[PDB]
Amino acid sequence: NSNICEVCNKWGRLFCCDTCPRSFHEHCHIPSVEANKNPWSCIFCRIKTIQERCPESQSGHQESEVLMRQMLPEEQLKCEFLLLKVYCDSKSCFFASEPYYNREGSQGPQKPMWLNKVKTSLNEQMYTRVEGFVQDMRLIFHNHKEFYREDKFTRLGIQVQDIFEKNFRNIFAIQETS
Ligand SMILES: [Zn+2]
Ligand SMILES: [Zn+2]
Ligand SMILES: [Zn+2]
């Protein structure tokens, strides 16, 4: 196994995958690394199994159909993995915890949102369709762009949204376009 957390790239108390060489902090993995289960397989491994069981699942899909899917176990997992792919980027730190808004010339968003809130909502099974999860994730970046206006810090929202969108298209096999 690797000697660093796959998500945050630090050492520490790490749980090792049985079917691949990745390792995780307990609360860096999503879902949080399970109490027992020997062997244990990481989310990366579980996602790869879905693809291997149903190779046609990699054929192109329309985003509108994906969003309307109900959050059955495989879609739950896919959203957990997409969330984890965002935490994998170090720039996710800016969006992880609850924000506050006090900048001259700007007003805070009407509906604040942040990654740990989306993480709790997934854990609590609060999303009934893929659309709910995707709307909250895009809302994080949209709130940031609106609030920061012409400050160059706006760019952090563009950067982390690009990580989200590339991973969304990969994980849910969105049909490639020009
Ligand atoms: Zn970690
Ligand atoms: Zn694994
Ligand atoms: Zn199949």
# chains A, B, ... in the order shown; residues from 1 in each chain; ligands from 1
$ residues_around --residues "residue 153 (chain A)" --least-positions-apart "6" --cutoff "12 Å" --atoms "only C-alpha atoms" --output "list in words"
residues 91, 94, 141, 144, 145, 146, 147, 159 and 160 of chain A
$ residues_near_ligand --ligand "ligand 2" --cutoff "7 Å" --atoms "only C-alpha atoms and all ligand atoms" --output "PDB file with C-alpha atoms, in the first residue's frame"
ATOM      1  CA  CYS A  17      -7.343  -1.005   0.483  1.00  0.00           C
ATOM      2  CA  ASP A  18      -7.226  -4.814   0.083  1.00  0.00           C
ATOM      3  CA  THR A  19      -7.681  -4.750  -3.665  1.00  0.00           C
ATOM      4  CA  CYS A  20      -5.500  -1.861  -4.667  1.00  0.00           C
ATOM      5  CA  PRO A  21      -2.444  -0.004  -3.257  1.00  0.00           C
ATOM      6  CA  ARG A  22      -4.278   3.146  -2.107  1.00  0.00           C
ATOM      7  CA  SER A  41     -12.236  -2.398  -0.979  1.00  0.00           C
ATOM      8  CA  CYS A  42     -11.902   1.450  -1.460  1.00  0.00           C
ATOM      9  CA  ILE A  43     -14.354   3.551  -3.488  1.00  0.00           C
ATOM     10  CA  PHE A  44     -11.962   3.499  -6.447  1.00  0.00           C
ATOM     11  CA  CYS A  45     -12.118  -0.260  -6.445  1.00  0.00           C
TER      12      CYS A  45
END
$ residues_around --residues "region 129-132 of chain A" --least-positions-apart "4" --cutoff "7 Å" --atoms "only C-alpha atoms" --output "list in words"
residues 66, 67, 68, 69, 70, 71 and 136 of chain A
$ write_last_selection --atoms "N, CA and C atoms" --output "PDB file, in the first residue's frame"
ATOM      1  N   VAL A  66     -28.824  11.729 -16.991  1.00  0.00           N
ATOM      2  CA  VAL A  66     -28.085  11.383 -15.742  1.00  0.00           C
ATOM      3  C   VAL A  66     -28.644  12.124 -14.535  1.00  0.00           C
ATOM      4  N   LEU A  67     -28.942  13.398 -14.705  1.00  0.00           N
ATOM      5  CA  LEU A  67     -29.433  14.212 -13.575  1.00  0.00           C
ATOM      6  C   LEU A  67     -30.731  13.691 -13.014  1.00  0.00           C
ATOM      7  N   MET A  68     -31.617  13.155 -13.922  1.00  0.00           N
ATOM      8  CA  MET A  68     -32.890  12.638 -13.441  1.00  0.00           C
ATOM      9  C   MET A  68     -32.884  11.308 -12.815  1.00  0.00           C
ATOM     10  N   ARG A  69     -31.734  10.634 -12.796  1.00  0.00           N
ATOM     11  CA  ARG A  69     -31.666   9.335 -12.153  1.00  0.00           C
ATOM     12  C   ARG A  69     -31.933   9.421 -10.674  1.00  0.00           C
ATOM     13  N   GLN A  70     -32.678   8.478 -10.159  1.00  0.00           N
ATOM     14  CA  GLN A  70     -32.873   8.302  -8.744  1.00  0.00           C
ATOM     15  C   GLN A  70     -31.581   7.852  -8.100  1.00  0.00           C
ATOM     16  N   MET A  71     -31.434   8.224  -6.832  1.00  0.00           N
ATOM     17  CA  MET A  71     -30.222   7.847  -6.067  1.00  0.00           C
ATOM     18  C   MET A  71     -30.227   6.432  -5.457  1.00  0.00           C
ATOM     19  N   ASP A 136     -26.237  21.230  -5.871  1.00  0.00           N
ATOM     20  CA  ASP A 136     -25.536  21.815  -4.665  1.00  0.00           C
ATOM     21  C   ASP A 136     -24.061  21.997  -4.989  1.00  0.00           C
TER      22      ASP A 136
END
$ closest_residue --among "A:106, A:142, A:86, A:52" --to "residue 154 (chain A)" --atoms "only C-alpha atoms"
A:142
$ residues_near_ligand --ligand "ligand 1" --cutoff "7 Å" --atoms "only C-alpha atoms and all ligand atoms" --output "count of residues only"
9
$ select_by_dssp --residues "region 13-96 of chain A" --states "strand (DSSP E)" --output "list in words"
residues 14, 15, 16, 23, 24 and 25 of chain A
$ write_last_selection --atoms "N, CA and C atoms" --output "short mmCIF file (atom, residue, chain, number, x, y, z; two decimals), in the first residue's frame"
data_model
loop_
_atom_site.label_atom_id
_atom_site.label_comp_id
_atom_site.auth_asym_id
_atom_site.auth_seq_id
_atom_site.Cartn_x
_atom_site.Cartn_y
_atom_site.Cartn_z
N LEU A 14 -3.80 5.43 8.69
CA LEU A 14 -4.22 5.15 7.32
C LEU A 14 -4.82 3.73 7.31
N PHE A 15 -5.92 3.59 6.58
CA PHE A 15 -6.57 2.31 6.29
C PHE A 15 -6.25 1.93 4.86
N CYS A 16 -5.83 0.71 4.66
CA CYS A 16 -5.31 0.30 3.44
C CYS A 16 -6.36 -0.48 2.66
N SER A 23 -4.30 4.12 0.07
CA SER A 23 -4.61 4.22 1.47
C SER A 23 -5.38 5.48 1.85
N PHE A 24 -6.05 5.52 2.97
CA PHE A 24 -6.95 6.62 3.37
C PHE A 24 -6.99 6.94 4.83
N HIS A 25 -7.00 8.24 5.16
CA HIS A 25 -7.55 8.57 6.42
C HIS A 25 -8.99 8.11 6.51
#
$ closest_atom_pairs --of "chain A" --to "ligand 3" --cutoff "6 Å" --atoms "only C-alpha atoms and all ligand atoms" --output "JSON lines"
{"residue": "A:54", "atom": "CA", "partner": "ligand 3", "partner_atom_place_in_ligand_line": "1 (Zn)", "distance": 3.4}
{"residue": "A:55", "atom": "CA", "partner": "ligand 3", "partner_atom_place_in_ligand_line": "1 (Zn)", "distance": 5.9}
{"residue": "A:56", "atom": "CA", "partner": "ligand 3", "partner_atom_place_in_ligand_line": "1 (Zn)", "distance": 5.9}
$ select_by_dssp --residues "region 14-82 of chain A" --states "helix (DSSP H, G or I)" --output "PyMOL selection string"
chain A and resi 43-53+55-58+63-68+73-82
$ closest_residue --among "A:92, A:76, A:1, A:32" --to "residue 128 (chain A)" --atoms "only C-alpha atoms"
A:76
$ atom_distance --atom1 "CA of residue 96 (chain A)" --atom2 "CA of residue 118 (chain A)"
9.4 Å
$ residues_around --residues "residue 113 (chain A)" --least-positions-apart "6" --cutoff "12 Å" --atoms "only C-alpha atoms" --output "CSV table (one decimal) with N, CA and C atoms, in the first residue's frame"
chain,number,residue,atom,x,y,z
A,94,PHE,N,-10.7,25.7,0.2
A,94,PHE,CA,-11.4,27.0,0.3
A,94,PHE,C,-12.9,26.8,0.3
A,95,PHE,N,-13.4,25.6,-0.1
A,95,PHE,CA,-14.8,25.3,-0.3
A,95,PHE,C,-15.3,24.2,0.8
A,96,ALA,N,-14.4,23.7,1.6
A,96,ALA,CA,-14.8,22.6,2.5
A,96,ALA,C,-15.7,23.0,3.6
A,97,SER,N,-15.4,24.0,4.4
A,97,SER,CA,-16.1,24.4,5.5
A,97,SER,C,-17.1,25.6,5.4
A,98,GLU,N,-17.9,25.9,6.3
A,98,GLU,CA,-18.9,26.9,6.2
A,98,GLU,C,-18.4,28.3,6.0
A,99,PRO,N,-18.7,28.9,4.9
A,99,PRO,CA,-18.2,30.3,4.6
A,99,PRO,C,-18.9,31.3,5.4
A,100,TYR,N,-18.2,32.5,5.4
A,100,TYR,CA,-18.9,33.7,5.8
A,100,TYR,C,-18.5,34.9,4.9
A,119,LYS,N,-21.3,16.6,1.8
A,119,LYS,CA,-20.9,15.3,2.4
A,119,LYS,C,-21.9,14.8,3.4
A,120,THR,N,-22.3,15.7,4.3
A,120,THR,CA,-23.3,15.3,5.3
A,120,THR,C,-24.6,14.9,4.6
A,121,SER,N,-25.0,15.7,3.6
A,121,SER,CA,-26.3,15.4,2.9
A,121,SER,C,-26.2,14.0,2.2
A,133,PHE,N,-27.7,16.5,-5.9
A,133,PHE,CA,-26.2,16.6,-5.6
A,133,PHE,C,-25.5,17.5,-6.5
A,135,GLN,N,-26.6,20.0,-8.4
A,135,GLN,CA,-27.1,21.4,-8.2
A,135,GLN,C,-26.3,22.0,-6.9
A,136,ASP,N,-26.2,21.2,-5.9
A,136,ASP,CA,-25.5,21.8,-4.7
A,136,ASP,C,-24.1,22.0,-5.0
A,137,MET,N,-23.4,21.0,-5.7
A,137,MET,CA,-22.0,21.2,-6.0
A,137,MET,C,-21.8,22.4,-6.9
A,138,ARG,N,-22.6,22.6,-8.0
A,138,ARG,CA,-22.4,23.8,-8.8
A,138,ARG,C,-22.7,25.1,-8.1
A,139,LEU,N,-23.6,25.0,-7.1
A,139,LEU,CA,-23.9,26.2,-6.3
A,139,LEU,C,-22.7,26.7,-5.5
A,140,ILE,N,-21.9,25.8,-5.0
A,140,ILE,CA,-20.7,26.2,-4.3
A,140,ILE,C,-19.9,27.2,-5.2
A,141,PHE,N,-19.7,26.8,-6.5
A,141,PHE,CA,-18.8,27.6,-7.3
A,141,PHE,C,-19.5,28.8,-7.8
A,142,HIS,N,-20.7,28.8,-8.1
A,142,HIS,CA,-21.5,29.9,-8.6
A,142,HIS,C,-21.5,31.0,-7.5
A,143,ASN,N,-21.8,30.6,-6.2
A,143,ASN,CA,-21.8,31.6,-5.1
A,143,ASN,C,-20.5,32.2,-5.0
A,144,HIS,N,-19.4,31.5,-5.1
A,144,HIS,CA,-18.0,32.1,-5.0
A,144,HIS,C,-17.8,33.1,-6.1
$ closest_residue --among "A:26, A:63, A:104, A:34" --to "residue 170 (chain A)" --atoms "only C-alpha atoms"
A:63
$ atom_distance --atom1 "CA of residue 175 (chain A)" --atom2 "CA of residue 31 (chain A)"
27.5 Å
$ closest_residue --among "A:48, A:103, A:37, A:155" --to "residue 81 (chain A)" --atoms "only C-alpha atoms"
A:48
$ atom_distance --atom1 "CA of residue 74 (chain A)" --atom2 "CA of residue 171 (chain A)"
11.3 Å
